[PDB]
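Chains as they are written, first to last, in this note's numbering: chain A, 18 to 404; chain B, 18 to 404.
See structure below.
Protein chains: 2
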Amino acid sequence: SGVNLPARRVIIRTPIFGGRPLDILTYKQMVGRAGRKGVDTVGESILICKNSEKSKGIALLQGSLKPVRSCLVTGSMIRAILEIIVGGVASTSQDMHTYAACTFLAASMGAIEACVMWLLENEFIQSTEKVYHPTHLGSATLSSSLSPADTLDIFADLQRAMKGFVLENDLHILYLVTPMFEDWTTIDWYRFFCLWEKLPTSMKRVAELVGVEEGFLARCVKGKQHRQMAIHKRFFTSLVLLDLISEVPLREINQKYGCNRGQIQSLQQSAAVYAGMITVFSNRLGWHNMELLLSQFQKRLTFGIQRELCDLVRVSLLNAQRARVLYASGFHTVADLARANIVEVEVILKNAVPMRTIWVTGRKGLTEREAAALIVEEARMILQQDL
Amino acid sequence: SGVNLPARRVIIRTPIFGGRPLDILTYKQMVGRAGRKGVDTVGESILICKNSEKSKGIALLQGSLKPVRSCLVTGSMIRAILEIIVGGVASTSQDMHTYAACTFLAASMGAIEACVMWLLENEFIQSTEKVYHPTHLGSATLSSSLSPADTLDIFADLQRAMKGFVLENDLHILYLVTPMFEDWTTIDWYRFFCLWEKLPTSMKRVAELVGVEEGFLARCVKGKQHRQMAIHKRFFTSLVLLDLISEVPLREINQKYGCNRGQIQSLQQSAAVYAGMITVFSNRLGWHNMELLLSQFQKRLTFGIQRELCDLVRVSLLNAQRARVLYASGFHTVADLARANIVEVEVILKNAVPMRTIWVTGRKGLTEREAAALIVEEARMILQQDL
Numbered sequence: 018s019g020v021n022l023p024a025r026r027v028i029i030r031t032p033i034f035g036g037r038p039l040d041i042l043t044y045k046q047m048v049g050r051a052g053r054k055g056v057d058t059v060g061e062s063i064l065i066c067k068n069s070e071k072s073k074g075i076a077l078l079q080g081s082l083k084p085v086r087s088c089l090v091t092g093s094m095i096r097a098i099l100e101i102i103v104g105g106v107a108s109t110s111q112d113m114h115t116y117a118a119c120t121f122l123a124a125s126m127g128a129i130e131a132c133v134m135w136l137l138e139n140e141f142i143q144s145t146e147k148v149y150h151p152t153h154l155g156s157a158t159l160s161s162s163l164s165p166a167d168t169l170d171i172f173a174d175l176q177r178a179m180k181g182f183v184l185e186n187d188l189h190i191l192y193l194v195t196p197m198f199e200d201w202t203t204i205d206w207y208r209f210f211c212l213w214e215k216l217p218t219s220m221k222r223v224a225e226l227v228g229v230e231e232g233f234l235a236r237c238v239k240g241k242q243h244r245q246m247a248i249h250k251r252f253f254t255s256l257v258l259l260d261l262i263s264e265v266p267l268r269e270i271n272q273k274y275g276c277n278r279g280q281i282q283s284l285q286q287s288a289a290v291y292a293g294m295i296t297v298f299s300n301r302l303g304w305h306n307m308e309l310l311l312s313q314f315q316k317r318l319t320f321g322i323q324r325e326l327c328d329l330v331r332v333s334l335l336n337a338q339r340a341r342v343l344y345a346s347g348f349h350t351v352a353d354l355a356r357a358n359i360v361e362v363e364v365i366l367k368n369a370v371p372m373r374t375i376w377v378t379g380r381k382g383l384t385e386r387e388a389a390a391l392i393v394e395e396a397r398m399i400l401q402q403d404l
Numbered sequence: 018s019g020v021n022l023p024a025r026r027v028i029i030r031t032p033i034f035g036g037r038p039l040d041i042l043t044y045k046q047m048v049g050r051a052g053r054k055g056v057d058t059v060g061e062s063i064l065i066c067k068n069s070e071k072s073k074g075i076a077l078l079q080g081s082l083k084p085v086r087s088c089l090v091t092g093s094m095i096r097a098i099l100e101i102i103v104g105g106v107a108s109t110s111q112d113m114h115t116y117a118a119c120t121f122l123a124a125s126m127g128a129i130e131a132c133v134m135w136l137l138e139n140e141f142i143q144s145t146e147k148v149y150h151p152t153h154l155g156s157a158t159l160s161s162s163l164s165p166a167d168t169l170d171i172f173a174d175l176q177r178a179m180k181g182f183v184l185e186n187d188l189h190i191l192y193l194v195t196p197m198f199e200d201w202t203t204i205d206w207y208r209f210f211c212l213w214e215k216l217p218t219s220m221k222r223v224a225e226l227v228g229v230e231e232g233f234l235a236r237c238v239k240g241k242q243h244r245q246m247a248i249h250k251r252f253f254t255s256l257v258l259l260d261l262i263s264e265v266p267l268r269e270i271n272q273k274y275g276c277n278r279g280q281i282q283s284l285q286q287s288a289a290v291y292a293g294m295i296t297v298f299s300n301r302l303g304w305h306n307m308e309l310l311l312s313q314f315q316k317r318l319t320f321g322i323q324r325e326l327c328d329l330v331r332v333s334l335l336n337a338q339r340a341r342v343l344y345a346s347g348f349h350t351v352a353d354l355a356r357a358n359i360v361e362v363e364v365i366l367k368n369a370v371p372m373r374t375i376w377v378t379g380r381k382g383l384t385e386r387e388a389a390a391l392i393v394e395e396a397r398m399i400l401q402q403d404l
């Protein structure tokens, strides 16, 4: 499903992918990369099958991808009507019924009117004379683009930061921006126990405040609750993220957290969007204090930087280490980095090693002299473009 | 379904009882009281029906009560296997299968073996070599005779008194002994709002500690969550009980709490059993401090007395006022009350008025001279029978 990777021959190991038979939909694009345009006159694919698995394997060759569905109570339809009656375009209920006539479900050829009542129960809409008007919670969910199923929990979770908040460490702030667990990694309970003990006093205060139990944490799982289970994984996700925003080595997290670098950036990129949705959610809800704390946490989670390097990182060519070594060079803001000597940044970038050998996302490799010039050159354009 | 009340003629108002048709089972005993033994030679019943309701009414006359069922995942079967494998009589799983052959379900003519796994998940039983052995939670539930469905919540609720407990007022202790809400009374939200404001500083601290919200209490219900709903009614049940154990007038509770005297004693008798099950539950679980606080709360909820009159009330003829007025007579314990002058208690019992005119449960009416003598006479027998 990624970027086009042309190749003359494509080989598939088994019709069974991860204990399940290969889907036809991904099989069409499985082979579709075979054959380069204007270079290779013949492209081929060799699916590999054994014993009785050949009968299952051949079915994909003569099979066709399944026809599309609409997937539309349904959780994907609650947002559908919340996206239109809160924007103000559709207000009357009868006109809303015509919207359900415009969807994929209607075009393919009851409970739509019974689903707006679900939103009525959860305060998402106020009932008037029927003509519907959005509420404070309803308009905040739409602006932040959260699923209404998740918002009901967040609203009761964010409001539980009113009772008690900690500010010495970023953990409690991070706990409210960790999206979920999904299946980003396989948890290691015994490894979590050793980490649980070594946590300083300040961080352990956070866990007790959000439902995580010191008495039960990597204790009963060894010897052997869905909402309780999704909190402990939420806490582990927040523990990993705190090391990410502390700029600890990514290799060191592997040796300490058990999850490799592949699932780390697939989480810090996913958790950075969450911080960008909680901040907007709190903005429209009139919580000006909470928006202040989470305002800077979208930039920190994306790049794994501290508060100091937030301004340096605005340059697109400084991801996580090209700004730290540059920060130690006496350059603490992007305003004066724009006026840096071109020959000065060459030597400082040469050091800190853990002709097109330096790399920048989007332009493949680059040489050190050009990229260092690009560091200043991008900083020139930022200074006057935003003012 | 109560005590036999003979009468020569029985009249029923409607075949519809409380918006529902009358059940045949209660109808058999509904009329069964007609005709006194040896006095009335003829007993009759006249069901009253109107318009088209006669067709529904006559069906009961020619109808027969439904045949019995077994009502046996099922919540009434989880306790069944827990009642036998924790007592130690049945240990091997194969013998347990013979127990399911001995029940009403088997005699009437699969999931039984799949239900012990449910107990395995919730730590109720430890798995050994299959031979099953009870755990600390499993043996505590059986001794206290609680349903295993309710225990899982109580165990996590009683253990949440570990974090923080209050001792100035009996509210938090009472909150953990209020059984449920069921349908004991119809709640009055506006009346609860006025009561919520006038609550003192000490009692309001309890509500925040158990999940009741000051911000949301008789606030959103007026303008318009099952576990959140079962807590707010639990709190109202605890507020009512605190007045009961404060010996406030029962008439005054009606004017203040909206629930009449009928549903009060039908709750303080039901909540007194709960305090007698939580205390035993905490005893077997090795919580010696919690058993200390709840030890005296079964006697207090039964009789609506304070701590002072606990010893006086041991006499079966002192319910709630015959001990309070007697307490003010300088008699503070049942030991020295047993030695009271017989003529002395006559005058003190005559006063405090809110020949068989004084009433004692179980023996219908009584005269003051005899009952006052019975007050001392019962106190004689207690002193040496328990020593």
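Ideal Cβ placement from N, Cα and C applies to all residues, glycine included.
Query	Result
Distance, Cα to Cα, residue 182(B) vs residue 252(B)?	16 Å
Can you tell me where the beta strand (DSSP E) with residue 322(A) in it begins and where it stops?	Run containing residue 322(A): none; DSSP gives neither H nor E here.
Return helix, strand or coil for residue 101(A), following the three-state DSSP convention.	helix
Could you give the residue range of the beta strand (DSSP E) that holds residue 150(B)?	148–151
Taking its Cβ as the centre, do 16 or more other Cβ atoms sit within 10 Å of residue 75(B), making it buried, or is it exposed?	exposed
For the putative contact between residue 139(A) and residue 188(A), defined by C-beta atoms under 8 Å, what is the C-beta separation to the nearest angstrom?	Not really, about 30 Å apart at Cβ, beyond 8 Å.
Look up residue 64(A) in the DSSP assignment and say whether it is helix, strand or coil.	strand
Within the same chain, show all residues whose beta-carbon is closer than 6 Å to that of residue 277(B), passing over the 5 residues directly before and after it, in chain order.	271
Here's the rule: buried if 16 or more other CB atoms are within 10 angstroms of the residue's CB, otherwise exposed. What is residue 293(A)?	buried
Using alpha carbons as the reference points, say which of 127(B), 232(B) and 317(B) lies closest to residue 11(B).	Any property of residue 11(B) remains undetermined from this structure, which presents chain B solely from 18 to 404.
Which residues bound the alpha helix (DSSP H) around residue 144(B)?	Note, residue 144(B): premise wrong, no alpha helix (DSSP H); beta strand (DSSP E) at 142–145.
Kindly indicate which three-state DSSP category residue 48(A) falls into: helix, strand or coil?	helix
Spatial neighbours of residue 61(B) within its chain, please: C-beta separation below 6 Å, excluding the five flanking residues on both sides.	26
Bridge partners of residue 382(B), per DSSP?	376(B)
Tell me whether the beta-carbon of residue 23(A) lies closer than 8 Å to the beta-carbon of residue 66(A).	no
So, with DSSP's three-state summary, where would you put residue 37(A)?	strand
DSSP three-state label for residue 350(B), please.	coil
Output the boundary residues of the alpha helix (DSSP H) element that contains residue 290(A).	278–301
Comparing C-alpha positions only, which one of 228(A), 254(A), 225(A) and 204(A) sits nearest to residue 239(A)?	204(A)
Please state the DSSP three-state secondary structure of residue 235(A).	coil
Hey, would you say residue 148(A) sits closer than 8 Å to residue 108(A), going by beta carbons?	yes
Buried or exposed: residue 376(A), going by 16 or more other Cβ atoms within 10 Å of its Cβ?	exposed
If you check the beta carbons only, do residue 341(B) and residue 354(B) fall under 8 Å apart?	no
Taking one C-beta from the segment 331–346 of chain A and one from the segment 218–228 of chain A each time, how about it: are there three or more such pairs within less than 8 Å?	no
Residue 198(A) and residue 250(A) - do their beta-carbons sit closer together than 8 Å?	yes
For my contact list, residue 21(B) and residue 50(B) are in at a C-beta cut-off of 8 Å; report their separation, rounded to the angstrom.	6 Å
If contact is defined by three or more beta carbon pairs under 8 Å, each pair taking one atom from either stretch, is the segment 359–368 of chain B in contact with the segment 377–384 of chain B?	no
Given this structure, state the Cα-to-Cα distance separating residue 173(B) from residue 180(B), to the nearest angstrom.	11 Å
Please report the distance separating the alpha-carbon of residue 91(B) from that of residue 48(B).	34 Å
Looking at the secondary structure, which residues open and close the beta strand (DSSP E) in which residue 29(B) lies?	26–29
Classify residue 344(A) as buried or exposed, calling it buried when 16 or more other Cβ atoms lie within 10 Å of its own Cβ.	buried
Closest to residue 298(B) by CA distance: which of 311(B), 40(B), 287(B) and 98(B) is it?	311(B)
On a CA-only basis, which of 40(A), 392(A), 144(A) and 227(A) is nearest residue 412(A)? Give me that one, please.	Limits of chain A in this structure are 18 at one end and 404 at the other, which puts residue 412(A) out of reach.
By how many angstroms is the C-alpha of residue 129(B) removed from the C-alpha of residue 79(B)?	39 Å
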